[PDB]
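> I am sharing data-v3.txt, which consists of compact mmCIF, N, CA and C atoms and all ligand atoms:
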# COMPACT_ATOMS: atom_id res chain seq x y z
N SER A 1 66.55 136.32 131.80
CA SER A 1 67.32 135.37 132.68
C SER A 1 67.13 135.62 134.17
N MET A 2 67.55 134.62 134.95
CA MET A 2 67.52 134.72 136.39
C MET A 2 68.65 135.64 136.85
N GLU A 3 69.80 135.60 136.16
CA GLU A 3 70.88 136.56 136.48
C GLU A 3 70.35 138.02 136.38
N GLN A 4 69.73 138.38 135.23
CA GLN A 4 69.23 139.76 134.96
C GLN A 4 68.29 140.26 136.04
N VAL A 5 67.41 139.38 136.52
CA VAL A 5 66.50 139.67 137.66
C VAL A 5 67.19 139.95 139.02
N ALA A 6 68.19 139.12 139.35
CA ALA A 6 69.03 139.29 140.57
C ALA A 6 69.82 140.61 140.56
N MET A 7 70.39 140.92 139.39
CA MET A 7 70.97 142.23 139.07
C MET A 7 69.97 143.36 139.34
N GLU A 8 68.77 143.18 138.79
CA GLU A 8 67.68 144.12 138.95
C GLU A 8 67.21 144.25 140.41
N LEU A 9 67.17 143.14 141.15
CA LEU A 9 66.86 143.20 142.59
C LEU A 9 67.89 144.06 143.37
N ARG A 10 69.19 143.92 143.02
CA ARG A 10 70.30 144.71 143.62
C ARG A 10 70.23 146.20 143.21
N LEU A 11 70.00 146.51 141.93
CA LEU A 11 69.78 147.91 141.52
C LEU A 11 68.65 148.55 142.34
N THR A 12 67.58 147.80 142.55
CA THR A 12 66.42 148.28 143.28
C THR A 12 66.75 148.52 144.75
N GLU A 13 67.55 147.64 145.34
CA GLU A 13 67.96 147.85 146.73
C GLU A 13 68.95 149.03 146.85
N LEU A 14 69.85 149.17 145.88
CA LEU A 14 70.76 150.32 145.85
C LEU A 14 69.94 151.60 145.74
N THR A 15 68.91 151.57 144.89
CA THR A 15 67.99 152.68 144.74
C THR A 15 67.29 152.99 146.05
N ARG A 16 66.89 151.97 146.83
CA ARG A 16 66.23 152.22 148.13
C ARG A 16 67.19 152.89 149.10
N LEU A 17 68.44 152.43 149.12
CA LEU A 17 69.44 152.98 150.03
C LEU A 17 69.76 154.44 149.64
N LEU A 18 69.98 154.68 148.34
CA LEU A 18 70.27 156.02 147.85
C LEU A 18 69.11 157.00 148.09
N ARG A 19 67.87 156.52 148.03
CA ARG A 19 66.72 157.35 148.40
C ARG A 19 66.79 157.88 149.82
N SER A 20 67.14 157.01 150.76
CA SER A 20 67.30 157.38 152.16
C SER A 20 68.48 158.38 152.34
N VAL A 21 69.61 158.09 151.70
CA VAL A 21 70.73 159.00 151.64
C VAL A 21 70.30 160.38 151.08
N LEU A 22 69.56 160.40 149.98
CA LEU A 22 69.14 161.67 149.38
C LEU A 22 68.32 162.49 150.37
N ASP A 23 67.42 161.81 151.08
CA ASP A 23 66.54 162.48 152.05
C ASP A 23 67.35 163.07 153.17
N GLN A 24 68.32 162.31 153.66
CA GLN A 24 69.19 162.76 154.73
C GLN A 24 70.02 163.97 154.32
N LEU A 25 70.58 163.94 153.11
CA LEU A 25 71.34 165.09 152.56
C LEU A 25 70.47 166.33 152.37
N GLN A 26 69.26 166.14 151.83
CA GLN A 26 68.35 167.24 151.64
C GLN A 26 67.83 167.84 152.96
N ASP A 27 67.77 167.06 154.05
CA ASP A 27 67.42 167.63 155.38
C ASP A 27 68.49 168.61 155.86
N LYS A 28 69.72 168.46 155.37
CA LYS A 28 70.77 169.39 155.65
C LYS A 28 70.71 170.68 154.83
N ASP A 29 69.62 170.86 154.07
CA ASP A 29 69.35 172.09 153.31
C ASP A 29 67.96 172.58 153.71
N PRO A 30 67.78 172.98 154.98
CA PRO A 30 66.42 173.38 155.44
C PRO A 30 65.91 174.65 154.75
N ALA A 31 66.83 175.50 154.34
CA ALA A 31 66.49 176.66 153.49
C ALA A 31 66.03 176.34 152.04
N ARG A 32 66.24 175.11 151.57
CA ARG A 32 65.85 174.69 150.19
C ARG A 32 66.57 175.48 149.07
N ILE A 33 67.79 175.90 149.37
CA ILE A 33 68.63 176.62 148.44
C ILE A 33 68.98 175.72 147.22
N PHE A 34 69.11 174.42 147.47
CA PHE A 34 69.47 173.42 146.41
C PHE A 34 68.35 172.47 145.94
N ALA A 35 67.12 172.77 146.34
CA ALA A 35 65.92 171.98 146.00
C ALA A 35 65.60 171.82 144.53
N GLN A 36 65.85 172.89 143.78
CA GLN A 36 65.36 173.01 142.40
C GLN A 36 66.48 173.56 141.55
N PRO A 37 66.42 173.32 140.23
CA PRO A 37 67.46 173.92 139.39
C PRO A 37 67.51 175.44 139.48
N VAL A 38 68.70 175.99 139.27
CA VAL A 38 68.85 177.44 139.16
C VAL A 38 67.98 177.89 137.94
N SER A 39 67.07 178.84 138.18
CA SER A 39 66.20 179.40 137.10
C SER A 39 66.98 180.19 136.00
N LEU A 40 66.80 179.78 134.75
CA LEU A 40 67.42 180.45 133.62
C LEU A 40 66.66 181.71 133.28
N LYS A 41 65.37 181.76 133.62
CA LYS A 41 64.62 183.02 133.50
C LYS A 41 65.21 184.08 134.45
N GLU A 42 65.54 183.68 135.68
CA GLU A 42 66.09 184.60 136.71
C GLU A 42 67.61 184.77 136.72
N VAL A 43 68.36 183.75 136.27
CA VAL A 43 69.82 183.88 136.06
C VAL A 43 70.13 183.50 134.62
N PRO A 44 69.81 184.42 133.66
CA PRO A 44 69.93 184.03 132.22
C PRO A 44 71.34 183.67 131.74
N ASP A 45 72.40 184.16 132.40
CA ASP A 45 73.79 183.87 132.03
C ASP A 45 74.39 182.61 132.71
N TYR A 46 73.55 181.86 133.44
CA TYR A 46 74.05 180.83 134.35
C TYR A 46 74.90 179.78 133.59
N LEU A 47 74.45 179.35 132.43
CA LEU A 47 75.18 178.35 131.65
C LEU A 47 76.50 178.82 131.03
N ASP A 48 76.76 180.14 130.99
CA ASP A 48 78.08 180.66 130.65
C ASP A 48 79.07 180.38 131.79
N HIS A 49 78.53 180.22 133.00
CA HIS A 49 79.32 180.01 134.21
C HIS A 49 79.44 178.54 134.55
N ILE A 50 78.31 177.86 134.56
CA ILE A 50 78.25 176.51 135.06
C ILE A 50 77.80 175.60 133.92
N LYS A 51 78.68 174.66 133.57
CA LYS A 51 78.50 173.78 132.44
C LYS A 51 77.63 172.56 132.71
N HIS A 52 77.62 172.10 133.96
CA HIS A 52 76.76 170.99 134.38
C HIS A 52 75.98 171.35 135.67
N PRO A 53 74.84 172.06 135.52
CA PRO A 53 73.98 172.34 136.68
C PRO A 53 73.45 171.08 137.33
N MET A 54 73.25 171.17 138.64
CA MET A 54 72.68 170.09 139.39
C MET A 54 71.90 170.64 140.56
N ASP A 55 70.92 169.85 140.99
CA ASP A 55 70.02 170.20 142.09
C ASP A 55 69.37 168.92 142.64
N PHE A 56 68.77 169.01 143.81
CA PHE A 56 68.13 167.85 144.43
C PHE A 56 66.93 167.28 143.65
N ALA A 57 66.14 168.12 142.98
CA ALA A 57 64.98 167.56 142.27
C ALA A 57 65.45 166.73 141.07
N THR A 58 66.46 167.24 140.38
CA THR A 58 67.01 166.59 139.19
C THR A 58 67.66 165.26 139.61
N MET A 59 68.29 165.21 140.79
CA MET A 59 68.87 163.94 141.33
C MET A 59 67.78 162.93 141.66
N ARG A 60 66.71 163.43 142.28
CA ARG A 60 65.51 162.65 142.50
C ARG A 60 64.89 162.04 141.22
N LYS A 61 64.78 162.78 140.12
CA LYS A 61 64.23 162.16 138.88
C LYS A 61 65.14 161.02 138.39
N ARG A 62 66.45 161.26 138.38
CA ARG A 62 67.40 160.22 138.01
C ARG A 62 67.32 159.00 138.98
N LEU A 63 67.31 159.27 140.28
CA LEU A 63 67.13 158.21 141.28
C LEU A 63 65.91 157.29 141.01
N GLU A 64 64.73 157.86 140.78
CA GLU A 64 63.52 157.04 140.63
C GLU A 64 63.39 156.36 139.27
N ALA A 65 64.21 156.78 138.30
CA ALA A 65 64.41 156.04 137.07
C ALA A 65 65.57 155.03 137.19
N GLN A 66 65.93 154.68 138.43
CA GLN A 66 67.08 153.82 138.72
C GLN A 66 68.31 154.16 137.86
N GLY A 67 68.55 155.46 137.69
CA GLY A 67 69.64 155.95 136.86
C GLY A 67 71.00 156.01 137.56
N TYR A 68 71.08 155.69 138.85
CA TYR A 68 72.43 155.63 139.50
C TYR A 68 72.88 154.16 139.60
N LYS A 69 73.93 153.80 138.87
CA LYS A 69 74.45 152.41 138.85
C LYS A 69 75.22 152.06 140.14
N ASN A 70 75.80 153.07 140.79
CA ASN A 70 76.62 152.91 142.00
C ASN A 70 76.62 154.23 142.81
N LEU A 71 77.15 154.20 144.02
CA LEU A 71 77.28 155.37 144.87
C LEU A 71 78.18 156.45 144.31
N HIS A 72 79.23 156.07 143.59
CA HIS A 72 80.13 157.05 142.99
C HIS A 72 79.37 158.04 142.08
N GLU A 73 78.51 157.52 141.22
CA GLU A 73 77.72 158.36 140.32
C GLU A 73 76.84 159.35 141.12
N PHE A 74 76.23 158.85 142.19
CA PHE A 74 75.38 159.64 143.07
C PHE A 74 76.17 160.75 143.75
N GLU A 75 77.32 160.42 144.32
CA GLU A 75 78.23 161.42 144.92
C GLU A 75 78.75 162.47 143.93
N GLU A 76 78.99 162.08 142.68
CA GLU A 76 79.38 163.02 141.65
C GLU A 76 78.33 164.14 141.48
N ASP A 77 77.07 163.73 141.43
CA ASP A 77 75.95 164.66 141.35
C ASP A 77 75.80 165.56 142.58
N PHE A 78 76.04 165.01 143.77
CA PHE A 78 75.96 165.82 145.00
C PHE A 78 77.08 166.87 145.08
N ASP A 79 78.28 166.45 144.77
CA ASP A 79 79.40 167.36 144.65
C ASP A 79 79.20 168.47 143.59
N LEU A 80 78.53 168.17 142.48
CA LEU A 80 78.18 169.20 141.49
C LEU A 80 77.34 170.27 142.12
N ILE A 81 76.34 169.87 142.91
CA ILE A 81 75.49 170.87 143.59
C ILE A 81 76.34 171.86 144.37
N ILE A 82 77.28 171.31 145.14
CA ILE A 82 78.10 172.09 146.05
C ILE A 82 79.11 172.92 145.29
N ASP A 83 79.80 172.25 144.36
CA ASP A 83 80.92 172.84 143.65
C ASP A 83 80.42 173.94 142.70
N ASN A 84 79.24 173.77 142.11
CA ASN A 84 78.69 174.79 141.22
C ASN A 84 78.40 176.07 141.99
N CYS A 85 77.80 175.89 143.15
CA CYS A 85 77.43 176.98 144.03
C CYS A 85 78.64 177.80 144.54
N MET A 86 79.69 177.09 144.96
CA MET A 86 80.93 177.72 145.41
C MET A 86 81.73 178.45 144.33
N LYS A 87 81.45 178.16 143.07
CA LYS A 87 82.09 178.87 141.99
C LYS A 87 81.26 180.10 141.63
N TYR A 88 79.95 179.92 141.47
CA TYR A 88 79.08 180.98 141.00
C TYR A 88 78.90 182.07 142.04
N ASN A 89 78.78 181.68 143.30
CA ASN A 89 78.59 182.62 144.36
C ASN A 89 79.87 182.92 145.11
N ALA A 90 80.02 184.18 145.52
CA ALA A 90 81.17 184.60 146.29
C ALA A 90 81.12 184.08 147.71
N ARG A 91 82.27 184.14 148.35
CA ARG A 91 82.46 183.61 149.70
C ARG A 91 81.53 184.18 150.79
N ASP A 92 81.22 185.47 150.70
CA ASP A 92 80.44 186.17 151.71
C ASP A 92 78.94 186.21 151.37
N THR A 93 78.41 185.10 150.84
CA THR A 93 77.01 185.04 150.47
C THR A 93 76.38 183.87 151.21
N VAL A 94 75.08 184.01 151.42
CA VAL A 94 74.30 182.96 152.02
C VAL A 94 74.31 181.63 151.23
N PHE A 95 74.42 181.74 149.92
CA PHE A 95 74.46 180.60 149.04
C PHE A 95 75.74 179.80 149.21
N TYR A 96 76.90 180.49 149.17
CA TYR A 96 78.21 179.82 149.33
C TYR A 96 78.27 179.18 150.71
N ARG A 97 77.86 179.93 151.73
CA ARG A 97 77.86 179.45 153.09
C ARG A 97 76.93 178.24 153.28
N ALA A 98 75.79 178.23 152.58
CA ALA A 98 74.90 177.07 152.62
C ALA A 98 75.55 175.82 151.98
N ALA A 99 76.37 176.01 150.93
CA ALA A 99 77.05 174.89 150.29
C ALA A 99 78.08 174.27 151.20
N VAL A 100 78.88 175.13 151.84
CA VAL A 100 79.91 174.68 152.75
C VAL A 100 79.25 173.83 153.83
N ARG A 101 78.15 174.32 154.40
CA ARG A 101 77.48 173.61 155.49
C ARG A 101 76.90 172.25 155.06
N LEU A 102 76.35 172.21 153.85
CA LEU A 102 75.82 170.97 153.27
C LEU A 102 76.89 169.96 153.00
N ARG A 103 78.05 170.44 152.55
CA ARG A 103 79.23 169.61 152.33
C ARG A 103 79.71 168.98 153.65
N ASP A 104 79.89 169.80 154.67
CA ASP A 104 80.39 169.29 155.96
C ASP A 104 79.42 168.31 156.65
N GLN A 105 78.14 168.69 156.65
CA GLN A 105 77.09 167.84 157.19
C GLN A 105 76.78 166.63 156.34
N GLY A 106 76.91 166.76 155.02
CA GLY A 106 76.72 165.64 154.12
C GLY A 106 77.77 164.55 154.26
N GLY A 107 79.00 164.94 154.63
CA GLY A 107 80.16 164.03 154.65
C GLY A 107 80.01 162.82 155.54
N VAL A 108 79.29 163.02 156.64
CA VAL A 108 79.04 162.01 157.68
C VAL A 108 78.05 160.95 157.16
N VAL A 109 76.98 161.43 156.51
CA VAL A 109 75.99 160.58 155.87
C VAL A 109 76.62 159.74 154.77
N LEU A 110 77.43 160.38 153.94
CA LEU A 110 78.14 159.72 152.84
C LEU A 110 79.21 158.70 153.29
N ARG A 111 79.84 158.98 154.42
CA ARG A 111 80.83 158.09 155.00
C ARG A 111 80.18 156.72 155.34
N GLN A 112 79.02 156.77 156.00
CA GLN A 112 78.32 155.58 156.41
C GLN A 112 77.66 154.84 155.24
N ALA A 113 77.06 155.59 154.31
CA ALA A 113 76.54 154.98 153.10
C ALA A 113 77.59 154.17 152.32
N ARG A 114 78.83 154.65 152.22
CA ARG A 114 79.89 153.89 151.54
C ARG A 114 80.15 152.57 152.28
N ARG A 115 80.22 152.64 153.61
CA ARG A 115 80.32 151.43 154.42
C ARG A 115 79.14 150.47 154.11
N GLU A 116 77.89 150.98 154.07
CA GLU A 116 76.68 150.15 153.86
C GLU A 116 76.59 149.48 152.47
N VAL A 117 76.99 150.21 151.46
CA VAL A 117 77.06 149.70 150.09
C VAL A 117 78.12 148.61 149.92
N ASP A 118 79.35 148.88 150.37
CA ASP A 118 80.43 147.86 150.49
C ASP A 118 79.98 146.62 151.31
N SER A 119 79.42 146.87 152.50
CA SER A 119 78.99 145.80 153.42
C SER A 119 77.87 144.92 152.83
N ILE A 120 76.71 145.52 152.51
CA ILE A 120 75.59 144.79 151.85
C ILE A 120 75.86 144.33 150.40
N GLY A 121 76.93 144.84 149.77
CA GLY A 121 77.33 144.45 148.40
C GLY A 121 76.76 145.36 147.33
NA NA B 1 83.61 182.39 142.41
As a first step, turn the structure in this file into structure tokens.
Ligand code: NA

Amino acid sequence: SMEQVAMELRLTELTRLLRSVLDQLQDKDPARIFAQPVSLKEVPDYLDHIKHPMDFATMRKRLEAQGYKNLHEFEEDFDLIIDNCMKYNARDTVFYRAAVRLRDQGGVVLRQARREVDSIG
């Protein structure tokens, strides 16, 4: 149908906007602490601690398969990155401190993206 295509055109535009958002969020991680999943070879007990791991590469695979239906789903995944890190790592570590910084710097990007998604529909 023509409806299904128009729907698909909007998913594709949401995907374009979220791609730009993802890039902007990932620039706030210049150390690449959150680039890739936590290694199970190097942290073998990780899944005893964290039940839903998340990272920027895994968000990128979902993004390019148009797997985010809305911004809420995308933000849930970004918060997992941050929240997992703040639980697994202690306060006085470079990892926890990197999460805090990504959260604070990410918030501004996310604020405007919500406006843009609401505004453009
Ligand atoms: Na902790």
> Contacts of region 55-66 of chain A at 6.5 Å or less, counting all atoms listed in the file, minus same-chain residues fewer than 3 places along, as a tab-separated table (two decimals) with N, CA and C atoms, keeping the file's coordinate frame?

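And here's part_35.tsv as it stands now:
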chain	number	residue	atom	x	y	z
A	15	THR	N	68.91	151.57	144.89
A	15	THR	CA	67.99	152.68	144.74
A	15	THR	C	67.29	152.99	146.05
A	34	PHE	N	69.11	174.42	147.47
A	34	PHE	CA	69.47	173.42	146.41
A	34	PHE	C	68.35	172.47	145.94
A	35	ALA	N	67.12	172.77	146.34
A	35	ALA	CA	65.92	171.98	146.00
A	35	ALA	C	65.60	171.82	144.53
A	36	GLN	N	65.85	172.89	143.78
A	36	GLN	CA	65.36	173.01	142.40
A	36	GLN	C	66.48	173.56	141.55
A	37	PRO	N	66.42	173.32	140.23
A	37	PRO	CA	67.46	173.92	139.39
A	37	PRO	C	67.51	175.44	139.48
A	69	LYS	N	73.93	153.80	138.87
A	69	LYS	CA	74.45	152.41	138.85
A	69	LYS	C	75.22	152.06	140.14
A	81	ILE	N	76.34	169.87	142.91
A	81	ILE	CA	75.49	170.87	143.59
A	81	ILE	C	76.34	171.86	144.37
> From the options A:5, A:100, A:25, A:86, which residue's atoms come nearest to ligand NA 1 (chain B), counting all atoms listed in the file?
A:86
> Return as a ChimeraX atom specification the residues of protein, DNA or RNA that approach ligand NA 1 (chain B) to within 5 Å, with all atoms listed in the file taken into account.
/A:86-89
> Write the selection just made, keeping N, CA and C atoms, as a PDB file, in the coordinates of the input?

ATOM      1  N   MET A  86      79.690 177.090 144.960  1.00  0.00           N
ATOM      2  CA  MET A  86      80.930 177.720 145.410  1.00  0.00           C
ATOM      3  C   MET A  86      81.730 178.450 144.330  1.00  0.00           C
ATOM      4  N   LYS A  87      81.450 178.160 143.070  1.00  0.00           N
ATOM      5  CA  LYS A  87      82.090 178.870 141.990  1.00  0.00           C
ATOM      6  C   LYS A  87      81.260 180.100 141.630  1.00  0.00           C
ATOM      7  N   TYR A  88      79.950 179.920 141.470  1.00  0.00           N
ATOM      8  CA  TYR A  88      79.080 180.980 141.000  1.00  0.00           C
ATOM      9  C   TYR A  88      78.900 182.070 142.040  1.00  0.00           C
ATOM     10  N   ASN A  89      78.780 181.680 143.300  1.00  0.00           N
ATOM     11  CA  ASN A  89      78.590 182.620 144.360  1.00  0.00           C
ATOM     12  C   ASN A  89      79.870 182.920 145.110  1.00  0.00           C
TER      13      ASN A  89
END
> Between CA of residue 109 (chain A) and CA of residue 50 (chain A), what is the distance in Å, rounded to a tenth?
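Spanning CA of residue 109 (chain A) to CA of residue 50 (chain A) is a straight-line distance of 26.3 Å.
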> Produce the centre coordinates and the three edge lengths, each in Å to one decimal, of the box along x, y and z that contains all listed atoms of region 50-66 of chain A with 8 Å added on each side, as JSON.

{"center_x": 71.0, "center_y": 165.8, "center_z": 138.4, "size_x": 31.3, "size_y": 40.0, "size_z": 28.0}
> List every residue of region 21-117 of chain A that DSSP, applied to the backbone of this structure, assigns to alpha helix (DSSP H), and report them as a PyMOL selection string.
chain A and resi 21-27+46-49+56-64+71-88+94-117
> Quote the spacing between atom N of residue 74 (chain A) and atom N of residue 49 (chain A) in Å to one decimal place.
23.4 Å
> What gap, in Å, lies between atom C of residue 1 (chain A) and atom C of residue 73 (chain A)?
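Atom C of residue 73 (chain A) lies at a distance of 26.6 Å from atom C of residue 1 (chain A).
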> Near residue 112 (chain A), within 12 Å and counting only C-alpha atoms, which residues show up once chain neighbours fewer than 5 positions away are dropped, as a list in words?
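So, after excluding close chain neighbours, the residues are residues 17, 18, 20, 21, 24, 71, 106, 107, 117, 118 and 119 of chain A.
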